[PDB]
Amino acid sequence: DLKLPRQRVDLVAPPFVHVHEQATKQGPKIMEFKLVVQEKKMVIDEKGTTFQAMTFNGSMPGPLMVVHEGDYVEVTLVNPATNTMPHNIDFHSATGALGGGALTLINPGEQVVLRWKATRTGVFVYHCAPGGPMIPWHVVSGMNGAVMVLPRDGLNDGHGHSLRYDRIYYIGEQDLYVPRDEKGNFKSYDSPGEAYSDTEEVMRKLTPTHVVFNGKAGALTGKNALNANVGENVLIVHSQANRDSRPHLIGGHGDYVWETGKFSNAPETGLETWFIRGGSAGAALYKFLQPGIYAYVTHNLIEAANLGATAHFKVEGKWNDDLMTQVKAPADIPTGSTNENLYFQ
């Protein structure tokens, strides 16, 4: 019945994104994706705390899927028999059947094939949703990612001008709820089922123990900082399937930001900090103007610095002293300074 070309896409692990065209003159296709559920213990902080995670394709977040408006997206969801739980998938980009969840419930040892038409442009969350209390549990165990539905003509500024990125990164933010014992130390378990009761008690209090990018504190710092160059226009997709976030690029801005993440709306310009409402993806474009290290955070700085939610960019290029300069390096306060006469003393 649907007589369109079929194109298989090979996903890649975040924060990288599978190759794609921004603008295209190709017509609609059936874009074929495979997502394999993997339950596994994972390391989620710099002290080595482990967690009974649940993932699409082995990562937190699940990988970013990219299609264009009018494409059909045919997803083979696989639940290997080494897993212990049923799983399914809800695409916030899709129309009907709880975004697909009501058509994709699979037990370990099964797979299912769902097709949805990409009628809505933007970045959108996808996540597991088995039913009842299992919905938040699978999501906050790691079972969420995002899909981007680009306009066929690529992005624009809402005022008739095309916008093109030189580089794209996907930042999935994950709130985690890790039990502690009476001594205050994080607990370890041998299976997700064994971890559940204690984890639900932490979840109920709506305060995460960790807030991480790309699955762990420090994932996108150190050697895995995100690269860019002065002059590049970088698209930063940010998702949060369960909980609000407030992204900020330290030392930069959001030149064009779709806070609610939907490209039929013009972006806002020149933001300091934006807001990803829990259950959504948003996107920001920034053209780098200065070299050096940038931090990229949620701007609850307690979350950023103390619960894991800091990434880095390492940007190559030449410094622009017109934009910013250190006029005088740190020096002893002059002896003839008169600061004791200032109004606030």
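Position 1 is the first residue in the sequence shown; the rest follow in order.
- In this entry, 216 to 224 has the higher mean Cα B-factor, the comparison being between 216 to 224 and 232 to 240.
- Here 194 to 202 and 256 to 264 are compared by their mean Cα B-factor, and 194 to 202 comes out higher.
- By the numbers in the PDB entry, the CA B factor is greatest at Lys29 among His299, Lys287, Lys29, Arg277.
- Taking the PDB entry at face value, the top CA B factor among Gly145, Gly122, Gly131, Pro247 belongs to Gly131.
- Ranked by Cα temperature factor within the chain, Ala309 sits in the lowest third according to the deposited record.
- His92: CA B factor in the lowest third of modelled residues in this chain (values from the PDB entry).
- Remark: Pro208 belongs to the lowest third of its chain, ranked by C-alpha B-factor as recorded.
- Per-chain ranking of the deposited C-alpha B factor places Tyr177 in the middle third.
- Split the chain's modelled residues into thirds by C-alpha temperature factor. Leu77 is in the middle one.
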